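For reference, the chain that follows is the form deposited in one PDB entry, supplied as structure tokens.
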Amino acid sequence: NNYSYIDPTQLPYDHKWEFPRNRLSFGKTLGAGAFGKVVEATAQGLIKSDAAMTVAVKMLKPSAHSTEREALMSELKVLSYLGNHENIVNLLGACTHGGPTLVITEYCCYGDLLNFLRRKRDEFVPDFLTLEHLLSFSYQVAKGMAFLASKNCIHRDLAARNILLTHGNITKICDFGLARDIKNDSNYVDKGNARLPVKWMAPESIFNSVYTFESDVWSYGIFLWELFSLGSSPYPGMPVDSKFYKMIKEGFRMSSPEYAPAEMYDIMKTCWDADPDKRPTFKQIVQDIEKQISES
């Protein structure tokens, strides 16, 4: 074993990220859960010494178990190893002393795509949301995940609620709390006992707790359905129950959403192949959508 995969979570925290927490002023809460929250904040002198900048800050509550603190640090280390990409919510800094650990990321001023699509739903036509916008969002998300996959990382919670929108109609993948580097094993088996995004999950993830590059692609197919339905909930009217799992196992798939081009529903159908090996890669999806964009 003289050659090994470098586990990014085993690498030392790089203090190049460190930022004084008293230069942050917290604002509105952007998301919250049992373990912690993400808040809007002003960062004084973060990039330029004399300028204030709006950021998002991720934090655990003081009651958070030791397991949660290490997990937030592991997320920080994954983001540090991944590096910058246009289509992810990038790491900007961290506060690792003087209080609870804070992870400072880019702030996306339009919020999550799911809520955005639901707002623009009434005024959509194929500042009006158009089909060109939807194709762009599909392309940008595929580019972001191709980047993640090229770094041997899986996200494991891809969904329109975890895609954010910023200036210039740029979409960024967010929430890397469950992202894993799967270099060594080519998959990840989840040993946890958390609430899971069942309607976005590949059947092998539901039934065998197996997560792979191919299960991220399944979720991307679901995301496309959210996108071209302008934010409808997946499997409308179907609760998550015995019948849901049975139908998924037997091959039931959502039909084409109202505004999806035939070539985009073709992508979703392949993303939802019961055989993971028959699903496209994100690199293939990027190329496919690139062709569709250039044909207007």
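Here, rigid core means the biggest group of C-alpha atoms that superpose within 1.5 Å across both forms. Start at 1 with the first residue shown and count on from there.
The following text describes the form deposited in another entry, which does not appear among the structures shown.
Only one of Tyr139, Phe147, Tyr188, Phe116 has its Cα shifted by 2 Å or more between the shown form and the other one after fitting on the core, and that residue is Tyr188. Taking 2 Å as the criterion, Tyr220 does not count as shifted between the shown form and the other one: its C-alpha moves by less than this amount when the rigid core is aligned. The Cα position of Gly93 differs by less than 2 Å between the shown form and the other one after fitting on the rigid core. After superposition on the rigid core, the Cα atom of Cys174 is displaced by less than 2 Å between the shown form and the other one. In the other entry, the CA atoms of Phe176 and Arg161 sit closer together than in the displayed form, by at least 3 angstroms. Between the C-alpha atoms of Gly221 and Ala179, a gap widened by no less than 3 Å is obtained in the other entry, as opposed to the form on display.
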